[PDB]
Participant: 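I am attaching a structure below and will ask some questions about it afterwards.
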Amino acid sequence: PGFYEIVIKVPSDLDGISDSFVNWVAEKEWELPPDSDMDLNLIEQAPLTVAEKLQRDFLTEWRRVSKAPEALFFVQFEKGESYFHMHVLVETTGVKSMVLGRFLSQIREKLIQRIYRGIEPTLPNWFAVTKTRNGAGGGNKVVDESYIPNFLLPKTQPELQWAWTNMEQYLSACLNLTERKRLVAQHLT
Amino acid sequence: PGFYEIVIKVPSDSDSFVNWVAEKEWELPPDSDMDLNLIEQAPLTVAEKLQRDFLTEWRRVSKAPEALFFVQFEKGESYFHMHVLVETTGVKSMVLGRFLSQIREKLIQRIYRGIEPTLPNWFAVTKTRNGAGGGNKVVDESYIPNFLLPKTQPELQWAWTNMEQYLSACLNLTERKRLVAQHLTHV
Amino acid sequence: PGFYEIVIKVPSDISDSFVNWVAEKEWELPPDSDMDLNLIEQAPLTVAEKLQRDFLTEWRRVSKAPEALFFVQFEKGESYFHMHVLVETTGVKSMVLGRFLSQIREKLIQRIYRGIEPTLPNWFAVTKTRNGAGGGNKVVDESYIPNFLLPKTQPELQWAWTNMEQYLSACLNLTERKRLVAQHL
DNA sequence: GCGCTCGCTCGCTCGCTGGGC
DNA sequence: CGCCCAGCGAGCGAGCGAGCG
Ligand SMILES: [Mn+2]
Ligand SMILES: [Mn+2]
């Protein structure tokens, strides 16, 4: 049961959108669910609002092309350094590596149309599948589930902004630092 | 007119029933002076298929039917192995690997019933280095007299060619001995 | 901020090498130069100028660093005319310099030499950390310029080019060269 | 030093794949 | 049903350079 990784960068500005009027980005207030132990004040809501649409729309489209509704996914939204970015992990089922690119460009175009009103973002490499090499000419990387505990779960605030999954073992972990800490230590095994 | 070299290992391998490997009896053609008793027939039977299927496929990918080749099957200390020499025409070095895998796969399907052989490095193109990162080697015709023709029994098992100058030499020790000595006469 | 060094040799034979365009450019020292125009050989300089201009055009393409720092000095050596090209390492990892420099080398041959490789032994050579085989591509820092390039005087010094602010004046000025050498020491 | 070794790098090649039209 | 062509990615091999003796 392997995963492809797509990294999607998210800015702080957007089209259309402006603070002087009502828009879909600014109108959304976010709340942590009861079972979260995170600090809402370190979570930047406008970028999170955009991220949520992007991953929701990504997975809707993904399910169309893969013909696998119920495909397993783990999505984590992060604040770098330079850019906000989302790691999207999506199960390979229904999408042979040979054919991922032609499908991801359909999804990429759809996201531009719907979220960005037809205007491609100017962020440098804003929609990028993870390859087996740093340079040109590698294969689309397939990572197994252990990527999540090894690389995603350890992230803490404010780098960690939000996460989403339909994987049972990680539902609790998405927004719980203590549960993240537990699965990380339980994975060293 | 240069050659690529592919070395294909063949194993020493059911006896309770009829199969294509065991059913074949081999005989030396009349013009051969070799000793049939030093030739191991089950491995030779497999080798013949491998080289026949190799060259059928090679012709497809090269678009050169009538491509020149020399194939020699040998018994080493460890493994039986065949040296396949095939003319470079139609197959740039950049592109040899992608084509040889297609051939390798076809051999596994047809001869090995889809089960890859467990022999260590059983299908190996000759490179310009012993390690990784060299080029595909191109040898000219003189490789045959220098390195292939001198082999004698039981190291020499069999050979095949469509090169007019070496037809006689395949299975004739005296003719091998002659072309070897005639090749030094040229140096 | 380090530099790779490429040494490019340039041949002596206006004529009759049959490449007559080296004769057709007249050179002038800019006003601020104190050099003697009569000790500057213009046909070889004419070629050298094209070589370094084209080298740096190509260097920018492969490095993806327009505005890369460089210092180029053209010399009349004991054996050949040659230019020392110093170019900033940015954008070009040492592992990959060779594959890029051959592209540049081939470009120069096509464009300056009309496809005919020069017969000068070793005419396009990166500086290594050893005299023999098996060393690394050398990285020198800026101080190479004052220590080894700036002291050269006429007629060994023929010409220089740079986009480094501190050395603009020094390219064609012996007094300014003399000053930066003493200020460095 | 100095000639050589050999595991490794990565920009680039180009026949193949298979949705879209 | 047959082309188109963006995506594919193993294979390529000159170049690399610490290490060896
Ligand atoms: Mn042998
Ligand atoms: Mn010098």
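Here is the naming used below: chain letters follow the sequence lines, and residue numbers restart at 1 for every chain. Side chains included, hydrogens not; waters and symmetry mates left out as well; all remaining heavy atoms used.
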Participant: Can you list the residues that meet the salt bridge (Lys or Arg N to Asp or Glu O under 4.0 Å) rule with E5(A), with sequence neighbours excluded?
Facilitator: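 By the salt bridge (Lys or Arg N to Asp or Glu O under 4.0 Å) rule, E5(A) matches no residue at all.
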Participant: When you list every nucleotide of DNA chain E with an atom under 4.0 Å from a heavy atom of chain A, which one comes first 5' to 3', and which comes last?
Facilitator: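 Going 5' to 3' along DNA chain E, contacts run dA6(E) to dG11(E).
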Participant: Check side chain to side chain donor-acceptor pair (under 3.5 Å) between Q55(A) and all other residues, then give those that pass, not counting sequence neighbours.
Facilitator: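 Scan of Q55(A) (side chain to side chain donor-acceptor pair (under 3.5 Å), adjacent residues dropped) gives none.
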Participant: For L185(C), I'd like to know if atom CG has over 12 heavy atoms of other residues, nucleotides or ligands within 6.0 Å.
Facilitator: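 No, not enclosed.
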Participant: Which residues pass the side chain to side chain contact (heavy atoms under 4.5 Å, CB included) test with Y80(C), sequence neighbours left out?
Facilitator: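 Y80(C): side chain to side chain contact (heavy atoms under 4.5 Å, CB included) contacts with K9(C), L120(C), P121(C).
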Participant: In terms of relative ring orientation, are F148(C) and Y144(C) parallel, tilted or perpendicular, with 30° and 60° separating the classes?
Facilitator: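 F148(C) vs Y144(C) ring planes: tilted.
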Participant: Taking salt bridge (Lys or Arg N to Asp or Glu O under 4.0 Å) as the test, write out the residues that go with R111(C), two or more places apart.
Facilitator: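 Partners of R111(C) by the salt bridge (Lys or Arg N to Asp or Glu O under 4.0 Å) criterion, ordered by chain and then number, come out as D54(C).
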Participant: Base, sugar-phosphate or nothing for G139(A)? Non-hydrogen atoms, less than 4.0 Å.
Facilitator: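 If one applies the 4.0 Å heavy-atom cut-off, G139(A) turns out to touch the sugar-phosphate alone, with no base involved.
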Participant: What stems show up for DNA chain E when you take Watson-Crick pairs (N1-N3 plus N6-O4 or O6-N4) and G-U wobbles (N1-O2, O6-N3), both under 3.5 Å, and require three or more consecutive pairs?
Facilitator: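 DNA chain E forms these stems: D:2-21 with E:2-21.
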Participant: What does the list of N/O pairs under 3.5 Å between the protein and nucleotides 18-21 of chain D look like, with a distance for each?
Facilitator:
| residue | atom | partner | partner atom | Å |
| --- | --- | --- | --- | --- |
| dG18(D) | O4' | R102(A) | NH1 | 3.3 |
| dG18(D) | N3 | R102(A) | NH1 | 3.2 |
| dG19(D) | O4' | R102(A) | NH1 | 3.3 |
| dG20(D) | OP1 | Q106(A) | NE2 | 2.9 |

Participant: Can you list, by residue number, the residues of residues 121-134 of chain A that have a non-hydrogen atom closer than 4.0 angstrom to DNA chain E?
Facilitator: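 By residue number: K131(A), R133(A).
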Participant: Taking the inter-plane angle between the rings of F58(A) and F127(A) on a 0 to 90° scale, is it parallel (under 30°), tilted (30 to 60°) or perpendicular (over 60°)?
Facilitator: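 Ring orientation, 0 to 90° scale: tilted.
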Participant: Please enumerate all residues that pass salt bridge (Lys or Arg N to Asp or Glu O under 4.0 Å) together with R61(C), with sequence neighbours excluded.
Facilitator: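 For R61(C) the salt bridge (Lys or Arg N to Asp or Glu O under 4.0 Å) partners, ignoring immediate neighbours, are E58(C).
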Participant: Testing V72(C), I145(C), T127(C) for side chain to side chain contact (heavy atoms under 4.5 Å, CB included) with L86(C), which one passes?
Facilitator: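 Per the side chain to side chain contact (heavy atoms under 4.5 Å, CB included) rule, the option paired with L86(C) is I145(C), out of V72(C), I145(C), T127(C).
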Participant: Name all residues meeting the side chain to side chain contact (heavy atoms under 4.5 Å, CB included) criterion together with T132(A); count only those two or more places apart in sequence or in a different chain, and write none if there are none.
Facilitator: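 Here the qualifying residues are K141(A).
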Participant: Taking side chain to side chain contact (heavy atoms under 4.5 Å, CB included) as the test, write out the residues that go with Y113(C), two or more places apart.
Facilitator: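 In terms of side chain to side chain contact (heavy atoms under 4.5 Å, CB included), with neighbours along the sequence ignored, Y113(C) is linked to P11(C), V47(C), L51(C), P118(C), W123(C).
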Participant: How would you list, by chain and number, every residue that makes a side chain to side chain contact (heavy atoms under 4.5 Å, CB included) with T161(B), sequence neighbours excluded?
Facilitator: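 Partners of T161(B) under the side chain to side chain contact (heavy atoms under 4.5 Å, CB included) test: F70(B), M163(B), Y166(B), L167(B), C170(B).
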